[PDB]
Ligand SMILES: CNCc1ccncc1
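Here we start with a single chain on its own, the form solved without the ligand, put down as structure tokens.
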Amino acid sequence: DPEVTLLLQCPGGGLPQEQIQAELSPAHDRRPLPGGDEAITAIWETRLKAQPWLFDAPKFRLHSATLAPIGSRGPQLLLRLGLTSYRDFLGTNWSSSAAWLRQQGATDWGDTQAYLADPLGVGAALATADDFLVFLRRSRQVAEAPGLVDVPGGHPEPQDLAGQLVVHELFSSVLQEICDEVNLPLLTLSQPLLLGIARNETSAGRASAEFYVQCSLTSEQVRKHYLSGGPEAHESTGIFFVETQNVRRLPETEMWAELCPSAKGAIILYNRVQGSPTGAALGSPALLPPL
């Protein structure tokens, strides 16, 4: 799967909010482009002159993520974050010349990402009370991955001492994306666990944090809530469900070719971190069938 690379696999079946630190620093920002940020401004002007109802928004930038020695006490992960924007994204990661920016970043800074916006995405493996994962079909009319399968998520917007509020907004935002797109009540959702971070190589290496969330509703009740919003309550064009039993072999199915890269990241991390049992009981042949 060349369009997705794992940057982080979390320990202990995934990390809660209280075990994560963030360091939000201008040292974690994108570097100015070699010929100046005028190139980003030019692309933006052209876009507004065709679609003048577009607006910029601030985003978190992922610089890097360091895991503690496994089995240690104290904070288990440090996220190094800067700030970027939707405008910076359209001028860098989305640019036709994004591969040239990666090569220049290797040359100038020994970092393929130094000249890229790299806005941080969030995504969820959302499980139902009757043990299914939730999938959404993308409209065929949008710019990115038209007509492909996705999982719930989005790109959160800003506003360990500022750090702890930043971790809280990341965890909060994945629940809010589920309530906005799936139309579920907040009180039916567990606190998220971070599974890991996956990079989209079809979008010049921008990264998504992938979380596990458990819902107290069955698949039938989730479908009712989603549909009862009507066509205007969601950006997706349909919802569907796969048994957690069958998610194990999803990369061998015809569905795999229809999954967008960030949804592939979510399913790979779910399989490695929530699946793949380590103990004698769940590991026994009748409960973990070979092949």
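Don't overthink the numbering: it's just position in the shown sequence, from 1.
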Per the record, how many residues of the deposited chain fall between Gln159 and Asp160 without being modelled: none, 1 to 3, 4 to 9, or 10 or more? 10 or more
Going by the average Cα B-factor in the PDB entry, point out whether 178 to 186 or 135 to 143 comes out higher. 135 to 143
Higher-scoring stretch by recorded Cα B factor average, 88 to 96 or 162 to 170: 162 to 170
Per the PDB entry, which option out of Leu62, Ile239, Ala42, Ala263 has the greatest Cα B factor? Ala42
Taking the chain's C-alpha temperature factors as the reference, tell me which third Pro16 falls into: lowest, middle or highest. lowest
Can you tell me whether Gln274 has a C-alpha B-factor in the lowest, middle or highest third compared with the other modelled residues of the same chain? middle
Taking the C-alpha B-factors as the PDB entry records them, is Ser228 in the lowest, middle or highest third of its chain? highest
Sorting the chain's modelled residues by C-alpha B-factor, tell me whether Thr218 ends up in the lowest, middle or highest third. middle
Lowest, middle or highest third of the chain for the C-alpha temperature factor of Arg206? highest
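Quick note: we don't show the form deposited with the ligand bound, though the next part is all about it.
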With the partner left out of view, is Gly163 within 4.5 angstroms of the ligand in the deposited complex by any non-hydrogen atom? no
Contact flag, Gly153 vs the ligand in the deposited complex, heavy atom cut 4.5 Å: yes
Using 4.5 Å between non-hydrogen atoms, is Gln113 touching the ligand in the deposited complex? no
With a 4.5 Å heavy atom cut-off, would you call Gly123 a contact of the ligand in the deposited complex? yes
Look at the stretches 100 to 108, 144 to 152, 216 to 224, 188 to 196 and give the one with heavy atoms within 4.5 Å of the ligand in the deposited complex. 144 to 152
Within 4.5 Å of the ligand in the deposited complex, which residues of 208 to 225 have a heavy atom? Give them in sequence order, or say none. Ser208, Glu210
